[PDB]
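Engineer: Sharing a structure below in structure tokens format, with a few things to ask.
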Amino acid sequence: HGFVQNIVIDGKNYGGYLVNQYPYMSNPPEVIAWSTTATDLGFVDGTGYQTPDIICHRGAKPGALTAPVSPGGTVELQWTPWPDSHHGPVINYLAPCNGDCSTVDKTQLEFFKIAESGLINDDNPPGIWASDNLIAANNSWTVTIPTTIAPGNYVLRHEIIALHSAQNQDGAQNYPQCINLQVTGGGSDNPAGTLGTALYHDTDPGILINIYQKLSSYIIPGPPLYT
Ligand SMILES: *[C@@H]1O[C@H](CO)[C@@H](O)[C@H](O)[C@H]1NC(C)=O
Ligand SMILES: [Cu+2]
């Protein structure tokens, strides 16, 4: 359980969607982060993979604001303290807004994977995962925006998948957090995109899995990494 509290881009903080404050306020502030109704600081499980909730979390609506990123620049997402128990991958996707991200129809967004990290070491099951790298970095993740993509406005869909309960059907816990970016530079790729509701299926090999046994491999879920 947790959420993205802050985003650091080009030397400033863009406050996140503080899901334990703003839903209680009813004139809440404009941010680059999508609003959600996930006030339990919880997840979307396999029962919601083909519902709109998987796209940018439960009841999500676009952020009003968009943050510019320098070409090949970094976006640092700062989480609330991630529990060690919640082992799993950290995955990052972009989807083009083709206009102002604040007015997009999330159900039409087509995402391409720009980064993925999974099982890092398995010397002591359940092992060390991307989520453990995030904890070791004091609960932050650095995303590098590719220089090869067409610039414009994009949703960044940043996600941890916790696998501590994933040996049961619908046990994997997805924690997507979306932010609005203005990608800048000289690139031209328009990578093939995947609807939010086709990223994951509740029987995928990196989703329905017992992490407590020795693992020979881990197949990071979602569509193929763009390079
Ligand atoms: C996180 O930062 C705090 C100090 O702000 C430190 O006490 C803690 O050990 C840090 N680093 C790691 C690797 O967790
Ligand atoms: Cu949790």
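The way this entry was determined, per its header, is X-ray crystallography, 1.4 Å.
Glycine residues also receive a Cβ, built from the backbone N, Cα and C atoms like all the rest.
The following feature annotations were taken from Swiss-Prot:
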- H1: methylhistidine (MOD_RES)
- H1, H86, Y175: Cu(2+) binding site (BINDING)
- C56-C178: disulfide bond (DISULFID)
- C97-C101: disulfide bond (DISULFID)
- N138: N-linked glycosylation site (CARBOHYD)
- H164, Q173: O2 binding site (BINDING)
Engineer: Taking only the Cα atoms, work out how far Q173 (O2 binding site) lies from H1 (methylhistidine), in Å, as a whole number.
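Structural biologist: Counting only the Cα atoms, the answer is 9 Å.
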Engineer: Among the recorded positions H1, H86, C101, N138, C178, which ones place their C-alpha within 10 angstroms of the C-alpha of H164 (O2 binding site)?
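Structural biologist: Candidates kept after distance check: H86.
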Engineer: Which residues does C56 (disulfide bond) neighbour through Cβ under 8 Å, counting only same-chain ones at least six apart?
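Structural biologist: Sequence-distant Cβ neighbours: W34, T36, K106, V155, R157, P176, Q177, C178, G196.
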Engineer: Name the one residue among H1, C97, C101, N138 whose Cα is closest in three-dimensional space to that of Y175 (Cu(2+) binding site); these are the recorded positions.
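Structural biologist: With Cα distances computed to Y175 (Cu(2+) binding site), the winner among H1, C97, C101, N138 is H1.
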Engineer: For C97 (disulfide bond), which residues in the same chain are close in space, meaning a Cβ under 8 Å from its Cβ, but six or more apart along the sequence?
Structural biologist: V104, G152, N153, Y154, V155, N180
Engineer: Given the recorded positions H1, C101, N138, which lie close to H86 (Cu(2+) binding site), meaning Cα to Cα within 10 A?
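Structural biologist: The recorded positions passing the 10 Å Cα test are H1.
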Engineer: Can you list the residues of the same chain, besides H1, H86, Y175, whose Cβ falls within 8 Å of the Cu(2+) site's Cβ centroid?
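Structural biologist: Filtered neighbour residues, in order: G2, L41, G42, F43, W82, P83, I160, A162, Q173.
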Engineer: By a simple count, how many Cβ atoms lie within 10 Å of the Cβ of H164 (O2 binding site), its own Cβ left out?
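Structural biologist: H164 (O2 binding site) is surrounded by 18 other Cβ atoms within 10 Å.
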Engineer: May I ask for the distance between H1 (methylhistidine) and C101 (disulfide bond), taken between their Cα atoms and rounded to an integer number of Å?
Structural biologist: 27
Engineer: Work through the recorded positions one by one (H1, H86) and point out the residue whose CB has the fewest other CB atoms within 10 angstroms.
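Structural biologist: Counting other Cβ atoms within 10 Å of each of the recorded positions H1, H86 gives the minimum at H1.
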